[PDB]
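Novice: structure for this input, please:
(4 chains)
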4 protein chains.
Amino acid sequence: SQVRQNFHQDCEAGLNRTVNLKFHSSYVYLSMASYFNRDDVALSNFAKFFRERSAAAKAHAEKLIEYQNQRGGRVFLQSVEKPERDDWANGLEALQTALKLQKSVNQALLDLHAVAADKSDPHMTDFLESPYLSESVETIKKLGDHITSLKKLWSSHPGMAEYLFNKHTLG
Amino acid sequence: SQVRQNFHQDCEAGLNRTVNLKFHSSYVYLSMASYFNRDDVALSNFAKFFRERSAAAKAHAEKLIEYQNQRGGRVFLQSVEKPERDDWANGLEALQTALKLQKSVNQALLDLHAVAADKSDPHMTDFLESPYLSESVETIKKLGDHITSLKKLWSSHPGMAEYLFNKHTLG
Amino acid sequence: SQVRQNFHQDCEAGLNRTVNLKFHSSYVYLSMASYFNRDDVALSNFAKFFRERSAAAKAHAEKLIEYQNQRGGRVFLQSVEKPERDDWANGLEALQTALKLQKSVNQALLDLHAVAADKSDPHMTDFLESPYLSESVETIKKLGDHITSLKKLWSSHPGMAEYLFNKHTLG
Amino acid sequence: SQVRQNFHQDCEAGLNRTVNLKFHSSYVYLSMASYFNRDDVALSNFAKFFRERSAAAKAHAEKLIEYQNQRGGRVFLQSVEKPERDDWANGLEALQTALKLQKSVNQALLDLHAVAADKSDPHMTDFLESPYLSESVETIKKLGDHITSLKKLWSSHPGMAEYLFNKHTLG
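Specialist: Numbering: from 1, shown residues only, chains lettered A, B, ... in the order given. Here you go, the structure:
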């Protein structure tokens, strides 16, 4: 590629693994969003919250593909694995799963950053820092906060907990 | 000082002790505000409430320094002692601590007022009355009211209590 | 903390030392601001300049506390030491002291950055770079410029120097 | 007087002495204002500054007369003594004279306040505190500041001092 410069094979490869990871998390969140819109769950604001999480992950995957092109790397798309579950049990459990999800995605980004730094690619590290890494910690803190608030209410009445939270926090 | 007139040493000294007191209470409130923003506490409106309490105390300290200058007294700043605790347990406890804090600060202001009156300084007593003393009783009554409302809810479920109050009263 | 990830003890500790440092510099500047408002100094724009320096340092300390929370670290506040002097002699001397102050604070930030880099924390280094490090060099250059301009005038008449500068540069 | 209530003879008498005092200070300031408009002095902003000082004193005298009526006391006007000088030498000297003037007027008000307090008249003390006493200290501090700034410049060149100050401070 007449455009490629100071762009290592490992950073190119790591970039492709990371877009698939982003697509998978988006799919996981779409699943949760759909689950909360079931007539037997009916927590519209929980569903709305995960639709946003999904859209954001989808957008990140798309920007990574664009970055691959901008640097002269070549895009290779892999199949997107289905979410691990079809039923998400409840609001607290869905929320807890997402925290783990966000942390493993955050770990992958840190790893990609490390390769970029190790290969001396200041353009990629700068690119990965904002808004990717910053987005991760903000979301993780937000999710962490939500889990704490829901746990408090849960101790009293889980049924009333989800309803109150769905309305006053996610609404 | 070519400006000094009818300004006693004790009122000058008492003024400096009181600014340090104001700075300390501001620091105490900053501590509480930070505590409520912890991912394991997550009571954003409680944090917001104490940020206001802090800013107000900081502002009072600053106006007292200005008053010292306006009268021809000389400002002497002392170190600001750290808050007594790093952990504030919970919403009710933080609220109760603040009531005591506000009352001891209110007592100090009454004492400063008494010295000013005793030294026959109508400018300082007038200055201390509004908005300092008036600010104190308004805040004390507000804090007293909040403690009552939180105690009611607390009897049922503390977890749900903090969440409801954080939303409907402090929000 | 369910939120903590890739956040080292040293970066957490260094963050707490740095907020205390920021609080102390803010206190130093408040002192200078008050000094210039004395009826026997009367350099209102010098006072105004240091009130800004103070407010900015206070704001930085507050953002660092927020960063500590966002990463899952725990805030520990220490006492804030009083400024080294109560009298700042004159405009040039106050200005020179501030340059040293800003440089030692800038050095501390570079040191904190080095620990973050050494521990491989791209989120913290990115956070420290803008706007902290950038704020430091801009302020240092501004202070350096002011000292040069005041020195020129000083050689002729210090009395007239402070008055002219207070009006045409700081005004 | 069908209106008089809790109004002592001494407070009534002290009120009349104080209006004459206010009228005299107004006259003194009119004199200074006129002096600075002389073709051989020509410091228009100094003149403008003293016209304001004059108008303010005149206004205070008028409000005191109104207060006398509102309480059911009876107004007795005395002759207004001419200012002590016709020539005010220069800007610094005029400024210094005014500081003394303002302090002796401030002392008289404190004395009147003391009689009111001693006679247990909360309406008069409240009336004397704002805006009379507060006006006094604000003006005294302002005058004190101006004298300091002018002294600095004076040390270098008095001629240039008055000109610069007339333009940059009083303008």
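
Novice: okay, helices next: where are they in chain A?
Specialist: Chain-ordered helices for chain A, with DSSP state H as the definition, fall at A:9-36, A:44-71, A:91-118, A:122-127, A:134-156, A:158-168.

Novice: is the second one in proximity to chain B?
Specialist: Which is helix A:44-71. No. Using Cβ under 8 Å from any Cβ of the partner chain, no contact is recorded between helix A:44-71 and chain B, whose separation bottoms out at 14.3 Å. No exception for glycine: its C-beta is placed from N, CA and C like everyone else's.

Novice: could you do the fifth one as well?
Specialist: Yes. Against chain B, helix A:134-156 shows contacts by Cβ under 8 Å from any Cβ at A:141, A:144, A:145, A:146, A:148, A:149, A:151, A:152, A:153, A:154, A:155, A:156.

Novice: in that helix, what's buried?
Specialist: A:134-137, A:139-154, A:156 (16 or more other Cβ atoms under 10 Å in any protein chain shown).

Novice: state the distance from the nearest residue to residue A:165 once chain neighbours are set aside to residue A:99.
Specialist: For residue A:165, ignoring the flanking residues on the chain, the nearest one in space by Cβ to Cβ, 6 or more residues apart in numbering or on different chains is residue A:150 at 5.4 Å. Computed with Cβ to Cβ, to the nearest Å, the distance linking residue A:150 and residue A:99 is 12 Å.

Novice: cool, residue A:93 as well?
Specialist: Between residue A:93 and residue A:99 the distance, using Cβ to Cβ, works out to 11 Å.

Novice: please apply the same query to residue A:152.
Specialist: For residue A:152 relative to residue A:99 (Cβ to Cβ), the value is 16 Å.

Novice: same question, residue A:56
Specialist: Looking at residue A:56 against residue A:99, where the rule is Cβ to Cβ, the gap reads 15 Å.

Novice: OK, contacts around residue A:42?
Specialist: residue A:36 (Cβ atoms under 8 Å, 6 or more residues apart in numbering or on different chains).

Novice: can you tell me how far it is from residue C:71?
Specialist: In this structure, residue A:42 and residue C:71 are 36 Å apart, going by Cβ to Cβ.

Novice: could you do residue A:94 as well?
Specialist: Distance from residue A:94 to residue C:71, by Cβ to Cβ: 24 Å.

Novice: residue A:114 too?
Specialist: 18 Å.

Novice: swap in residue A:92?
Specialist: Residue A:92 sits at a distance of 24 Å from residue C:71 (criterion: Cβ to Cβ).

Novice: show me which of those two is the more surrounded one.
Specialist: Neighbours of residue A:92 and residue C:71, each counted by other Cβ atoms under 10 Å in any protein chain shown, are more numerous for residue C:71; the result is 24 against 18.

Novice: what's near enough to touch that one?
Specialist: Remark: with contacts taken as Cβ under 8 Å, 6+ apart, residue C:71 is in contact with A:137, C:3, C:4, C:7, C:12, C:123, C:124.

Novice: now, among the residues you listed, which is nearest to chain B?
Specialist: Nearest to chain B, judged by Cβ to the nearest Cβ, of those is residue C:3 at 4.6 Å.

Novice: looking at it, that closest one is touching residue A:141, isn't it?
Specialist: Yes. Using Cβ atoms under 8 Å, residue C:3 and residue A:141 qualify as a contacting pair, with a distance of 5.6 Å.

Novice: common neighbours of the two, please.
Specialist: Counting by Cβ under 8 Å, 6+ apart, the common neighbours of residue C:3 and residue A:141 are B:39, C:72.

Novice: circling back to that earlier point, closest to residue C:78 out of the helices of chain A?
Specialist: Using Cβ to Cβ as the measure, helix A:134-156 is the one of the helices of chain A that comes nearest residue C:78, at 24.7 Å.

Novice: okay, the angle between the closest one and helix A:44-71?
Specialist: 160 degrees (axes from the mean of the first three to the mean of the last three Cα atoms, to 10 degrees).

Novice: got the angle between helix A:134-156 and helix B:158-168?
Specialist: 120 degrees.

Novice: any idea of the angle helix A:134-156 forms with helix A:91-118?
Specialist: Taking the same axes, to 10 degrees, one finds helix A:134-156 and helix A:91-118 inclined to each other by 160 degrees.

Novice: and helix A:134-156, how far from the chain's centre?
Specialist: Taking Cα atoms, centre = their mean, to the nearest Å, one finds helix A:134-156 lying 15 Å from the centre of the chain it belongs to.

Novice: cheers, nothing more for now.
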